[PDB]
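Single chain ahead, by itself, as structure tokens, in the form deposited in one PDB entry.
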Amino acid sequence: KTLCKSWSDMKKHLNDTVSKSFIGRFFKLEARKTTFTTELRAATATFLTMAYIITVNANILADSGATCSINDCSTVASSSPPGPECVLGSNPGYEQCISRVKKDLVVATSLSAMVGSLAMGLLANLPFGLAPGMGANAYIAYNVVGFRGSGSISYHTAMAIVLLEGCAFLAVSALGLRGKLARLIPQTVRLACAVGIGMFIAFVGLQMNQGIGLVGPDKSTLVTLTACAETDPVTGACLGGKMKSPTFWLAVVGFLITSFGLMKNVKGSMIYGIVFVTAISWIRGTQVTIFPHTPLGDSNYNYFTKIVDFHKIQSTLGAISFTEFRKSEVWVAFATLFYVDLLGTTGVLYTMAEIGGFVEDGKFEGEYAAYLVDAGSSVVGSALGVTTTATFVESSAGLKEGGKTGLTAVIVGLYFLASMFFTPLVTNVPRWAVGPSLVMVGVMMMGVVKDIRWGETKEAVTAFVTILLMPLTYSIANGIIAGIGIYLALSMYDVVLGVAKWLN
């Protein structure tokens, strides 16, 4: 009929008047042959594969106990609450503190993914998006700061490391010291570190108080399968009954329809696995509720019955303190976070330049203004309370549908503006819904393990120690250090002595 004919000739005309206006001259839409309409399809598919890190990042930096401390705890029958009693849960005053910080990290992630993505398109003309990157969320929140105020480094110092690393990554890039520096790292340590982070981030998404709750303590094997139904109220311990938890099996169904959606190539599928096992866990009354009948849960439901809200940052705003940079374990956390960002935004940003055909004999057309926008956005992301940004590989779903200019990245920046207003629906995602989303990240990073040269022995001993010691010793710093230490001693003690025997 002429109904679709009246629909098709308008899209032949709306794509002309955009290119005949001024906005086609800035983004250069005449060359880089494309139209206005197929840029909008390139940014819709980029956002849906990227919309999961708006909730994963909030539910993983609220476990850090961001600004809640011992002073704003509750009052009990004693004269004063002691040290470790408040920060392990079951409190009227501390749990209402941490419900006002997760509302300040959903807004602070959209405002960090706006500025990173909206400044990528306007300054570099490149079709990809930015957000706080996955992989360095778990290093700061679980290994530097730790689960609810553990560890040694406070959260105010951890947001000062991100500034001083962010300013160290502009002025190692503006001088030209990148190809001199990144090629110094060998291929096997660079490639096996991305596998061990994927196994650390999935062992996070299995524990009792972190994600679903499979693994647990044991007094002779040091880890065992619990999955227990009736557990301890105060702490997490198995009282009895294995594999019959209604919060465990509802999370497995979310893990299947995420994986049954990735095959058959549904673009956004990790967002539909989160929405399905959340929309069951909102009905009051069941055993899988996030809304119980406690006074600690009536305040979340009375905020849920309104579906939109304009919420402002008020707790985890600019909070920096350089008054702790004169001890030892601050700089070790500095040299680790400088290491994992140098290898994250180097192998990704050039690989996403050869898809779509930007590249010539080196030096694609947005080289110099993409290393700095990816670096300055960690500085503006550190004042707002979140971690470093990274150019996402999910942005490839927009490279395979015809996005080639910077109008892709501006529209991606405008869905994050249209998703900070839905704050009452995003703070209320349960921690067993975000569990399988931390496991499918580990599936997609282990897919690079078929490029490690397992033929030679020195390349396989170095790659095995780095992969193994990251999820076991519960440390990312103990896999980077114990990989370089094996790679030198197997190599320096015969080759370097042999070169120094012949160079003189």
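In case it trips you up, residue 1 is the first one in the sequence shown, and so on.
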query: Other compared entries missing residue 85, a third or more; finding: yes
query: Missing coords for residue 76 in a third or more of other PDB entries; finding: yes
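Another form exists, deposited in another entry; not displayed. Remarks below refer to it.
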| query | finding |
| --- | --- |
| Chain position at the hinge linking the two rigid parts, options 405, 178, 195, 230, forms compared between the shown form and the other one | 178 |
| Distance trend in the other entry - C-alpha atoms of residue 148 and residue 207, change of 3 Å or more | farther |
| Relative Cα spacing, residue 254 and residue 137, in the other entry - shift of 3 Å or more | farther |
